[PDB]
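Read through the structure below, which is laid out as structure tokens, and then see the notes.
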There are 2 protein chains.
Amino acid sequence: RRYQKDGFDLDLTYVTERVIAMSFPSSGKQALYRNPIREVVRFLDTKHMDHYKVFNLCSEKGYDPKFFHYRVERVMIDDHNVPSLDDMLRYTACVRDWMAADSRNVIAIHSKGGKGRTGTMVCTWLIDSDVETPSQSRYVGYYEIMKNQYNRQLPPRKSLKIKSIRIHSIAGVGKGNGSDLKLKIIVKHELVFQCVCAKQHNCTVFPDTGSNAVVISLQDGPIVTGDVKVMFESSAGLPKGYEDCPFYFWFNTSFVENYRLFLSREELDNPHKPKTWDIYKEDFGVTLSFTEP
Amino acid sequence: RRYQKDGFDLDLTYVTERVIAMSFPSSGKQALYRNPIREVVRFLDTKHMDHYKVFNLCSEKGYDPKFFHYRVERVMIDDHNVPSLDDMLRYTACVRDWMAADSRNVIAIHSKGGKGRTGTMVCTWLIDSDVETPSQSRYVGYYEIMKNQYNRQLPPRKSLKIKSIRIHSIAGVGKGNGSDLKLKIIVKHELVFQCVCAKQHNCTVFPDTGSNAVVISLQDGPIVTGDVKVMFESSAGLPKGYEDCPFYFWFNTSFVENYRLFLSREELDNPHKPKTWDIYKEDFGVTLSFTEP
């Protein structure tokens with residue numbers, strides 16, 4: 001819903017009377033099909049003068065603080081990826097402080113790509129005051145659990161150790177045995193664990209054809225703390241989608257209950273898209289088994 | 001000095017046997033004249049396999065941690081601007097830890113623009129182990145002072161308030177009175193103070209034509225702490241250079257001695273370039289007057 005009022009042609013989305021969403025305001029030979037930085041600057045200067053903050057939720061692009069009168073905060077969110085809960089808490093904290101300055105402070109939120117990052121961090125603010133991928137949905141769920149239970153603060157810090165990964169309904173995906181997935185565990189932009197199933201060196205494969213599980217014994221698993229990314233790379237032509245991976249996870253280990261995490265086919269970032277509902281059947285899922293150090 | 005060895009055409013600079021400087025590795029429709037991300041990844045994978053870390057000193061653009069096998073740290077340095085001393089200490093600690101991890105570990109350093117930020121942050125490591133604008137030079141000097149006196153730590157935290165700004169040898173620059181400069185004080189991407197001399201509202205102008213001084217009473221100046229940037233905006237057609245401003249500063253308030261900071265014509269970001277040595281004469285300068293709260 002482009003903002004076509006008052007002679008404007010920006011890709012804005014006036015989500016709430018005090019919260020504005022838009023796309024990345026670009027400069028140079030990129031204003032033809034995207035927002036021009038100066039035009040949107042003028043738009044939000046003639047509407048709210050010295051009463052806006054521009055949240056640039058881009059870990060990959062930034063323009064200058066000076067354009068928006070040096071009121072710009074950058075949240076390092078990767079495309080199709082979630083922010084850390086510390087990032088979400090700091091985000092909502094600075095937003096609440098901004099709205100406490102006076103009654104007519106608005107906020108502009110954008111990201112370079114689609115309304116995944118801006119959607120996530122506008123819905124997060126929406127439910128704090130009251131998305132594309134299911135990782136963002138589950139992170140909004142994490143933030144609501146924090147908001148209503150562990151009041152606007154970090155959960156009880158749990159350091160968990162992952163011990164095995166169970167894959168449900170593997171008949172159809174992969175070569176046929178499940179020994180093609182590649183594991184990558186990322187914590188704070190750091191690859192803390194990787195393994196390849198075909199070589200079977202850092203992990204072992206124990207396929208049980210009775211229940212269609214190819215549970216992989218994940219020896220000496222990392223003691224993950226905080227937000228974790230687990231992507232599954234494959235070498236058998238799986239339908240790679242977002243961020244060039246068959247499917248990836250994003251979760252906070254402080255929210256895991258009873259040291260078990262199962263992600264249904266629908267959560268499972270990338271299989272959730274309906275266009276690939278033929279290699280991942282309805283019962284497809286990945287179960288993560290945890291341990292307490 | 002581009003790296004033409006081993007069939008490569010990269011814009012590298014092998015500064016030391018274990019430190020590498022290069023330009024930003026770009027992707028998309030930019031590899032025609034800039035560094036291709038995949039090509040540089042291949043170069044530093046076949047040269048240093050799993051024994052390097054790439055430092056991205058760009059506050060305006062980043063690509064993805066995944067390309068360099070999730071060994072990438074971003075330092076938020078603005079173009080034609082200096083890093084914070086906390087950032088410099090964190091970077092130097094990171095480099096020291098990386099080199100202590102193994103005897104083969106290398107570092108790759110780049111920035112999007114010219115070799116100002118990469119030059120700054122490579123000379124900082126060069127002086128710790130053993131530059132475009134002069135503020136980067138003064139910050140390398142700040143780091144050498146910290147390294148050799150207040151050993152590799154911050155100096156005694158000093159917070160001071162600017163009481164007035166003295167402009168030396170103004171006969172020729174500006175309208176002829178000095179009532180065209182505009183002040184902008186930026187601390188941690190925050191416009192903490194601004195003023196316009198022509199209106200004479202936030203500051204008062206006291207032109208002392210006897211000594212060619214237009215010292216401006218900076219009433220109720222900010223209580224600055226840490227790293228401060230001071231840009232001088234003008235509306236009399238000054239030869240705007242870097243950052244689109246007549247001249248700006250970048251100074252740490254902890255390093256001020258005797259509560260005074262005079263900036264000679266040579267330091268004075270933008271007057272430093274000899275092409276403008278006709279409106280800023282040899283005695284041009286700015287003096288920062290401080291007061292202890």
Name the chain A residue with the Cβ nearest the axis that maps A onto B: which is it, and what is the distance in angstrom?
A:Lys61, 3
Under a Cβ-Cβ limit of 4.7 Å, which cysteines in chain B have nobody to pair with?
B:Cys58, B:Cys94, B:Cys123, B:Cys197, B:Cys245
Could you state the principal axis extents of the C-alpha atoms in chain A, from the largest down, to the nearest angstrom?
65, 42, 29
Can you tell me the FRET efficiency between B:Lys175 and A:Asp86 if r is taken as the Cβ-Cβ distance and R0 is 60 Å, rounded to the nearest 0.05?
0.75
Quickly estimate the mean residue ellipticity at 222 nm for chain B, helices only: each DSSP H run with n ≥ 4 gives -39500 (n - 2.57), and the total goes over all residues, rounded to 500.
-6000 deg cm²/dmol
What value in Å³ per residue do you get for the convex hull of the alpha-carbon atoms in segment A:35-132?
98
Mind checking B:75-82 for the average number of partner chain beta-carbons within 10 Å of each residue's beta-carbon?
1
Expected integer from the mean partner chain Cβ neighbour count at 10 Å over A:240-246 is 1
Hey, for B:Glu257 with labels 7 Å out along Cα-Cβ, what do the inter-copy distances come to in nm, ordered shortest first?
6.4
Output needed: percent of Cα pairs per 5 Å distance bin for segment B:152-211, bins running from 0 to the one holding the longest distance.
4, 14, 21, 21, 16, 10, 8, 5, 3, 0
I'd like the FRET efficiency for A:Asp278 and A:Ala101, computed as 1/(1 + (r/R0)^6) with the beta carbon distance as r and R0 of 41 Å, rounded to 0.05.
0.20
Under a Cβ-only charge scheme (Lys and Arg +1, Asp and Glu -1), can you give me the dipole magnitude of segment B:159-291 about the Cα centre, in debye to the nearest 20?
220
By the mean-Cβ-within-10 Å protection proxy, highest first, B:205-215, A:86-96 rank as A:86-96, B:205-215
Using the crude model of +1 on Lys and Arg Cβ and -1 on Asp and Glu Cβ, and no other charge, please compute the dipole size for segment B:5-148 relative to its Cα centre, in debye to 20.
280
Inter-copy label distances at A:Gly237, 7 Å along the Cα→beta-carbon direction, one decimal in nm, shortest first?
6.8
Please go through segment B:24-73 and write out the trypsin sites (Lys or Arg not before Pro) that DSSP classes as loop and that have at most 12 other C-beta atoms within 10 Å.
B:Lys29
Could you list the square roots of 5 times each eigenvalue of the Cα gyration tensor of segment A:159-291, that is, the equivalent ellipsoid semi-axes, sorted largest first and rounded to whole Å?
21, 17, 15
Label-point separation, A:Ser159 to B:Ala31 (7 Å along Cα→Cβ), nm
4.2
Counting only other chains, what is the mean number of Cβ atoms within 10 angstrom of the Cβ of each residue in peptide B:59-66?
6
Label spacing, shortest first and in nm, from B:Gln4 to its equivalents in the remaining copies (7 angstrom along Cα→Cβ)
5.7
Length gained if B:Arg152 through B:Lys199 is fully extended, taking 0.36 nm per residue and subtracting the Cα-Cα distance, is 12.4 nm
Packing-based ranking, highest mean first, of A:221-228, B:157-164 given that Cβ atoms within 10 Å are counted
A:221-228, B:157-164
So, with points 7 Å from each Cα along the Cβ direction, the A:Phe206-A:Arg260 label distance in nm works out to 1.6
Taking the alpha carbon gyration tensor of the protein assembly as shown, what are the square roots of 5 times its eigenvalues, largest first, to the nearest whole Å?
48, 29, 22
Answer in debye to the nearest 20: the dipole magnitude of the protein assembly as shown about its Cα centre, from +1 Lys/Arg and -1 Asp/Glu charges placed on Cβ, is 340
Rounded, prolate or oblate: which one fits segment A:87-178, using the alpha carbon gyration tensor with axes a ≥ b ≥ c (rounded when a/c is under 1.5, else prolate when a/b beats b/c, else oblate)?
oblate
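No value in this document is a laboratory result; all are computed from the given coordinates. FYI the Cβ positions are ideal-geometry reconstructions off the backbone, even for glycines, and counts take in every protein chain you see.
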